[PDB]
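A, B, C, D, E, F, G, H and I are the chain letters, set down in written order, and residue numbers restart from 1 in every chain.
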Amino acid sequence: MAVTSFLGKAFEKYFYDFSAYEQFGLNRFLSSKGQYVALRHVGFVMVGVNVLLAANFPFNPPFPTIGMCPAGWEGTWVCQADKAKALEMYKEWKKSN
Amino acid sequence: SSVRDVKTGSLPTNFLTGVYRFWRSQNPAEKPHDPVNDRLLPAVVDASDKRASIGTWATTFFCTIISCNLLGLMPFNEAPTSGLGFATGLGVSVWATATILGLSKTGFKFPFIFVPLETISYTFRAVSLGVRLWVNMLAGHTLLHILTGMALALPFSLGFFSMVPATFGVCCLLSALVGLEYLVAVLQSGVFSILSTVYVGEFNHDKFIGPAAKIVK
Amino acid sequence: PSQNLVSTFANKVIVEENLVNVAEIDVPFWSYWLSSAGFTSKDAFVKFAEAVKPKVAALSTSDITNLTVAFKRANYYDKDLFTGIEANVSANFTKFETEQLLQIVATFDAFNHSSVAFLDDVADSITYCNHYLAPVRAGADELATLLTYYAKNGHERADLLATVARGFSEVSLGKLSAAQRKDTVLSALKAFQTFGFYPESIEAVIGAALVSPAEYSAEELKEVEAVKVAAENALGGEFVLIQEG
Amino acid sequence: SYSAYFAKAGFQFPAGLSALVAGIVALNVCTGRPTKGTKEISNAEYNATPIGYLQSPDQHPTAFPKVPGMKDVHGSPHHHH
Amino acid sequence: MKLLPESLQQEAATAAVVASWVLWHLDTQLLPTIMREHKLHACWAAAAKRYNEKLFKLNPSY
Amino acid sequence: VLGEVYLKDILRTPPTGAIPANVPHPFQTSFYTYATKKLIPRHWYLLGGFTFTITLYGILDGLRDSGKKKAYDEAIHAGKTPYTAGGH
Amino acid sequence: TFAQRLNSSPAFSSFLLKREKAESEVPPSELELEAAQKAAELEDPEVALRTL
Amino acid sequence: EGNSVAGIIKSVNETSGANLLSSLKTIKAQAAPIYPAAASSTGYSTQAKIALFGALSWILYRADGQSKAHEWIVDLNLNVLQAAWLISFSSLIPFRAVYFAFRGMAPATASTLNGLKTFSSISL
Amino acid sequence: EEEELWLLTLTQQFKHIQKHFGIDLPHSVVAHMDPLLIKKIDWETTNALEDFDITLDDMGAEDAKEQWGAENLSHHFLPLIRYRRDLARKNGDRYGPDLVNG
């Protein structure tokens, strides 16, 4: 290929006429196209949140959890709300795992 | 040494024409009593030589702030006007430009107990012009950081792609706050430079020289 | 021997004969900046005036302006250089500016040198090839020099006179000192009656004299009042000064 | 009709962007102060210290940290505590 | 969070370098181009009535 | 006839050979023409206002380090460590 | 026509305007359409002489 | 490059009456303006490569320091929130209506040119 | 055919601007075709009057706006009145519009 001329034409026909709003039917469930975009938007965020979390899941969260724990962890380093505490427990867990 | 060639009627040429002609329209020239002809034309040209270039300054501050505010909405980027010295350093610099213009209207000498209260409310314009730009770019981005931490607490705890009606209602609340931030990015660059035309346009007044001798009838 | 070697170096290397040997490359650059520092030197300027004569026909317009106002300040008049200068102007008259032509004419007005082809191509360029508010940016002591250079040479261009009459106002004459404003107002009214052209902005060069008549004689105010009555019936009315307010 | 004349010159930067980038870089490198997390020491200390002990732990945070506060290096254990 | 910068003068001078480049770029590069095509159109639209009447009086072709 | 020496450098037709170079503005040619004819006569109020802010914020950066130096000396002349020992 | 000269502009070969048509915004009027056809007949200067 | 009307006047004066009407399409095309032909690609200029490597060198450097920022998962999930609106702007902005709305901001493109009305400049 | 070069240069140059202005005309071709219009436009930008037609619109000067446009295309008639002046000079006369009373 010519590196600027192939996939510019591929992205052009992915941008313009490649439409999963009609190729996947989807007018049966959705009223307009202005609300297909308004939840492909929120769908992009929920997919992108769930990919960013799962791509490195065993992590102690910087954000405040609201008193919730992921899975069978519940007292481990993943759920520990003191960070210097959980650094000690992660270093013990890393030798075992 | 060889300049580039411009297509006429380009979209950036049309946008910046309308932007410049907008900020120039905020401080319009005042109509003389006389008819404008070749007698009054040096008085009109000298009236333009004594007016500040607020049409150019306000579109300098429009285009440098809307470019900085909209950087904060590009991915991997933060707004430069979310910094305290950047955003308030543009606000003091507009206020000092208005004051240097108003001080030169005389001979650079600075103007009973009333005038410390006109001055205070005037010196607060300095910090209020920049802090309004700084706090808007900071408080919108900070709320987005807090609510993304809350909206990440649910898929971290619950399943990935599971219990999705809880995270859908907050991913659409996060999405509508980035959308409000696109509105605050454009409004605060407009409010900064609407107010720059108001503050600098206060001292944008000189005497029309005009005809001192006439041949009537 | 440190003082001896420096003094020997100073009498054979830094003189004005080698100062004019480095000045042979670009003449109108070195001609203009040296004359602005006060270096007249009448027979050092003859070395300029022959080193530049194979180049005058291909100079840029800011080079030609630099030659004439340098050869005006050094007061040296080379008649066969100054015909190559006016053949640069009258061949490239569309490229000259009113800022540049008002300085070339004031050189040609001191050294009483004119052509009819030059007087048309300066008037064609100020009127048509240049912005019509370029007289307003000129300063009225330069416009009065252009007005008399067209009245000395008897050249009536009524289109040029309507252009130069824009640059006379209270603004342009107010930037003059009253010694120089008087030398301009008398010089502009003497040229406006030589053509009999009384524009509507003659009431600012007349009113620059009648608002302060204590600097004028009664002979010169008779000259001024001759033009005032000549302009009053041309414009169709009577003169009246304005007290401001 | 002139459309193919404007496709010939491709991308081009704004016409003075090298003075903006050289002005923003010259404000970020001519700070006149040490480089944000470092401290100027004497030459006798720099020649005597290992490069693992010149490093501070605060200046090397972990690239994707599993616990908030993980650092990559540990620095000098000779604290003045 | 981050409130004061490491240097306030370095951030104020970054704002003055950015806004003076935009002032230079507008005055030198953008606004000459704006006015070359704004005022070709504006001079032609303002002169069009007096240009055509002056040209009507000039050409002897009628 | 009117014979093209009268139209020289006044009116040209659309080019047939090649598209010429764009004519530079005098400001695009030289920064000295921009600086002396437009930047300093017209925009010196802005350059004075940017100068005031860089000067004023260097006062406030000087007040902030003379207040850091005051609180630093008042811990090494008072037997305390002047910071929280990092954290690690 | 004007919209037909805008379609071959460099603006409409851009990515975001590639599948757009300038006639979709304001269409050419009936006089503009009939004068583009009349101007096409007269680009032959022999046809313009014999018509005149 | 002399002007093409004096080239038309000269090329029509030195033709004969017999080959006048045949020559009129080669005098028409000798005085047509140059519209330069669409050259070959030579794609991605020496400054379009600086603009895309320098933007990739910026996006990698900003994502590098975002990933060690103590709120690193919140920082990296804000780029997903910010790029979601860049996607929704490509799908919601009417780009032909926006193009013709900027053409009305400028008075040069909001109208047609107006001088020289053809009955004043005839030569009969 | 005495002054047909000037009248047909005006026709061919405006027809090419009008066909292409605001669509695809380069700025190099405008400054080629009309060099003294670009020269006078650049004088307003250089001398800080780049909003002079906005200034005359603010002060309602509709007749000084028509003079502003007419004086900037003023050089379109210069190839004629340099030709008609060099007719009348070689025919001994004076050019009419050069004179005050004439």
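Methods note: contacts are C-beta pairs under 8 Å (C-beta built on N, C-alpha and C of every residue); 3 or more make two chains touch, one makes a residue touch a chain.
Engineer: Would you identify the chain whose Cα-based centre sits farthest away from the centre of chain B?
Structural biologist: C
Engineer: Higher C-beta contact count, E-H or B-E?
Structural biologist: B-E
Engineer: From the C-alpha centre of chain A to that of chain I, how far is it in Å?
Structural biologist: 64
Engineer: Hey, how far is the Cα centre of chain D from the one of chain I, in Å?
Structural biologist: Distance between chain centres, rounded to whole Å: 57 Å.
Engineer: List the centre-to-centre spacing of chain A and chain C in whole Å, with centres computed as mean CA coordinates.
Structural biologist: Centre-to-centre distance between chain A and chain C: 77 Å.
Engineer: Between chain C and chain E, what's the gap in Å when you average each chain's C-alpha atoms?
Structural biologist: 32
Engineer: Touching at least two other chains at once: which residues of chain H meet that condition?
Structural biologist: Residue numbers touching two or more other chains: 3-6, 33, 36, 43-44, 70-74, 77, 80-81, 84-85, 90, 99, 103, 106-109, 112-113, 115-116, 121-123.
Engineer: Out of chain G, which residues touch more than one other chain, so two or more?
Structural biologist: Counting only residues that touch two or more other chains, chain G contributes 2, 5, 9-11.
Engineer: Multi-chain contacts in chain D: which residues touch at least two other chains?
Structural biologist: Within chain D, the residues that touch at least two other chains are 1-3, 5-7, 12, 15, 64-65, 68-69.
Engineer: Quick one: in the complex, what on chain E touches chain D?
Structural biologist: Touch list, chain E to chain D: 6-7, 10, 13-14, 17-18, 21, 24-25, 28-29.
Engineer: Show me the residue ranges of chain B that touch chain H in the complex, using the header's touch definition.
Structural biologist: 8-9, 11, 13-15, 17-19, 21, 73-77, 144-145, 148-149, 152, 174-175, 178-179, 182
Engineer: Per the contact definition, I'd like the list of chain C residues that touch chain F in the complex.
Structural biologist: My answer: residues 92, 94-95, 129.
Engineer: Show which residues of chain D lie in contact with chain F when the two form their complex.
Structural biologist: 5, 15, 56-58, 69, 71, 74, 79, 81
Engineer: In their complex, what parts of chain B are in touch with chain C?
Structural biologist: 37-39, 41-43, 45-46, 209-217
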